[PDB]
């Protein structure tokens, strides 16, 4: 008699994070009945991802979060998920991250005396109101969880500090990394990629509120100096621009066709483009965790990092927001094939692409299957 594992997809960014885990569950059809519940409001991108991974949802709930109060989401989500669990009778419910839906998915499981496995567990701020409600959500979910799937030792330590049972805490790595063997296809085309030759690609992303104004100008001025010094380098900046910010770009960069400002990429095209990049400049937390597993050095357009383990492993370097520092560090890595290759080969500490395997193994052990 098969172990019934229900996986919740509660938000769009969970598609990439939970689809690899479902794919791994679907590799044990003899021991495991994989049941997929989607509750996310926005479906186009998620549905795109589930299809790439050959996943068909067993339950679709519409839980609205457009101008909706926590109270309404909490009560209507609790009802909705409780019904799904009374019907499908899972042996375990797997929930991701710090969302209100993960909290109520766990509470509904508890209210049916069904075990919960918490994917991406142990992130702590220790500030109940920052973020709000996310910190409290991950604590609430933490007390209800039977199994904790921590992406890093620090997250596992946080959970140990709360006197959680060590035998129920697993350092798995980050499941998003696991997606890459599915999403990244050797036979992949993009306009931006055609324009690039055997030319070295610098992929740059900045979307942080704090990088508006001078920091963007410093970035653009640094990029100008880089493409002038390195003639075999093209730069890709997928962002959407205000006209006046466009004029600023054009004024600094000119129109010499080796810097491509393009519209923001979907996750799939991003993965595939990042995978063919020589260097990355980012202010994104997630790129810091993911892009190194593609063998891409990551320079972080910030003064401080919330990813200390990437720094330590040498997968990441801080570039700050000063023109000089951004130019200095990018130039080092584009000049010295040795120092690029080094960061390119450093092991990603946020995982090795087997987080889903470790989660499934931990579940089978726990249930004596």
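Positions refer to the first chain, counted from 1.
*Asks:* Is the mean CA B factor in the deposited entry higher across 178-186 or across 86-94?
*Replies:* Per the PDB record, 178-186.
*Asks:* Taking the recorded C-alpha temperature factors, which stretch has the higher mean, 6-14 or 341-349?
*Replies:* If you average the C-alpha B-factors of 6-14 and of 341-349, the larger mean comes out for 341-349.
*Asks:* Just the C-alpha B-factor column, please: which of 311, 300, 36, 32 has the biggest number?
*Replies:* Within the set 311, 300, 36, 32, 311 shows the top C-alpha B-factor.
*Asks:* Can you tell me which of 116, 268, 159, 78 has the highest Cα temperature factor in the record?
*Replies:* If I rank 116, 268, 159, 78 by C-alpha B-factor, first place goes to 268.
*Asks:* Could you look up the Cα B-factor of residue 138 in the entry and say which third of the chain it sits in: lowest, middle or highest?
*Replies:* Residue 138: CA B-factor falls in the lowest third of its chain.
*Asks:* Ranking every modelled residue in this chain by its Cα temperature factor as given in the entry, which third contains residue 247?
*Replies:* Its C-alpha B-factor belongs to the middle third of this chain's values.
*Asks:* Determine, from the deposited record, the chain-internal third of the Cα B-factor for residue 148: lowest, middle or highest.
*Replies:* Its C-alpha B-factor belongs to the lowest third of this chain's values.
*Asks:* Compare the C-alpha B factor of residue 198 with those of the other modelled residues in its chain, then answer lowest, middle or highest third.
*Replies:* Highest third.
*Asks:* Quick check for you: using the entry's CA B-factors within this chain, is residue 282 in the lowest, middle or highest third?
*Replies:* It falls in the middle third of the chain.
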